[PDB]
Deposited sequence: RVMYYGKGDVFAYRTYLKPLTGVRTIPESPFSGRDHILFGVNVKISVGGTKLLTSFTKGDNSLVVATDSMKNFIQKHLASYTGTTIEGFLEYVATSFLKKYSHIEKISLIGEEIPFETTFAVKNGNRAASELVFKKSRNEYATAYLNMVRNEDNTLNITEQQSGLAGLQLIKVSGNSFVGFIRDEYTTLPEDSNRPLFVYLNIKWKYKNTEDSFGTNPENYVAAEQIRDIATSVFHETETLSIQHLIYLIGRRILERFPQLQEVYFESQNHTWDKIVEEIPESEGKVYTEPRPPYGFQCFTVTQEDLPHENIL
């Protein structure tokens, strides 16, 4: 391995060109983003054989300073004329390889820094000025671009995602029928309040569709979130494994331009404390000990 770069490059842009005309799906009201505020956290990694002596000899002649890479990203957010993080990553990548001929490979991660609307008043409406910083789920994007021997540039990998989704379904979930042996102490549960954390990532058949230039073909993280919550509600779940497969199948049915969906899920279900409350369908639970189950699974189109 030989690469270097800059992490935690925060950049907030006001009044990015709005994303509009995204084809809708029945699980989600999403049709676009107003982009009054567009926040992103970028990580940039660059590589190339000509970087060797920066390591082996302490020669900085071909070192773009990581601080300069931060300036590059922030200046390019000011000049970007597109409408998505995926497209912003492409713009940065192409511009960086064009600028620095000694770099053979660039890898970028962009994480949305999400904001929510707030109420302002003779009637409450969404404010165009005041927004709430959200620490809940957020969109992500990843891009790798290389310079070939014939000096053409090529995207070698692209992936979009949704991170930090935390969903609890109070009833309508079972976990029964698993292996019972000398190591098993978990009771079977025919009705648990399954609490899952979800990170969902998708890849497109055609990299162009990720940029949003033709919004009809763009798959928004907001729509993925809404599919996940709908499928979870609809399904008598039999395990997290069962749930995530069904979510993936629905995503790929709604978005035929997608090639695959990948899931990283964790189980954070609470421990039950009070099983029966007189005169109520209610129950009391509490936080479990730290160990958490997880699942990782790809569904392909």
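Compare what was deposited with what's modelled and send me the C-alpha-less stretches, numbered from 1. Model skips 1, 123-124, 305-313 of the deposited chain.
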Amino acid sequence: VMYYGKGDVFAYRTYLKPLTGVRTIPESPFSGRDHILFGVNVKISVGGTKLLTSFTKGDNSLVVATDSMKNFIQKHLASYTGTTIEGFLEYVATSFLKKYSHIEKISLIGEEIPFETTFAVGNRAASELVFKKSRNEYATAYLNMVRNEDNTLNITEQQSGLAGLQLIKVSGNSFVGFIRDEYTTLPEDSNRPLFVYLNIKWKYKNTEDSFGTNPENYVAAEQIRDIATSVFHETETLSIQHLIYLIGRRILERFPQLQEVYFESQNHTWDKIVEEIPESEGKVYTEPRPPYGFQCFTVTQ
From here on, numbers count along this sequence of modelled residues.
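So that the term is clear: the rigid core is the largest set of C-alpha atoms that superpose within 1.5 Å between two forms.
Outlying stretch relative to shown form, 80-88 versus 148-156 in 7 other deposited structures of this protein, C-alpha RMS (core): After the core superposition, the stretch with higher RMS deviation in 7 other deposited structures of this protein is 148-156.
Between 170-178 and 122-130, which one strays more from this form in 7 other deposited structures of this protein if you match the rigid core and compare Cα atoms? After superposing on the rigid core, the more displaced stretch in 7 other deposited structures of this protein is 122-130.
Report, as yes or no, whether residue 278 is left without coordinates in at least one third of the other compared entries. Comparison shows residue 278 dropped in at least a third of the other entries.
Is the mean CA B factor in the deposited entry higher across 274-282 or across 20-28? The recorded data point to 274-282.
Mean C-alpha B-factor comparison - 151-159 and 137-145, higher one: Per the deposited B-factors, the answer is 151-159.
Comparing recorded Cα B-factors across 71, 184, 166, 190, which one is largest? Max CA B-factor in the entry, restricted to 71, 184, 166, 190: 190.
Highest Cα temperature factor in the entry, among the options 107, 229, 173, 213: which one is it? Among 107, 229, 173, 213, the PDB entry lists the largest C-alpha B-factor for 213.
So where's residue 242 on the chain's Cα temperature factor ranking, which third? CA B-factor rank for residue 242: lowest third.
Lowest, middle or highest third of the chain for the C-alpha temperature factor of residue 43? Its C-alpha B-factor, which the entry lists for residue 43, ranks in the lowest third among residues of this chain.
Which third, lowest, middle or highest, does the CA B-factor of residue 63 fall in along this chain? Ranked within chain, residue 63 CA B lands in the middle tercile.
Sort the modelled residues of this chain by their C-alpha B factor and say whether residue 126 lands in the lowest, middle or highest third. Highest third, going by the recorded CA B-factors of the chain.
Please place residue 218 in the lowest, middle or highest third of its chain according to the CA B-factor in the PDB entry. It belongs to the highest third of the chain when residues are ordered by C-alpha B-factor.
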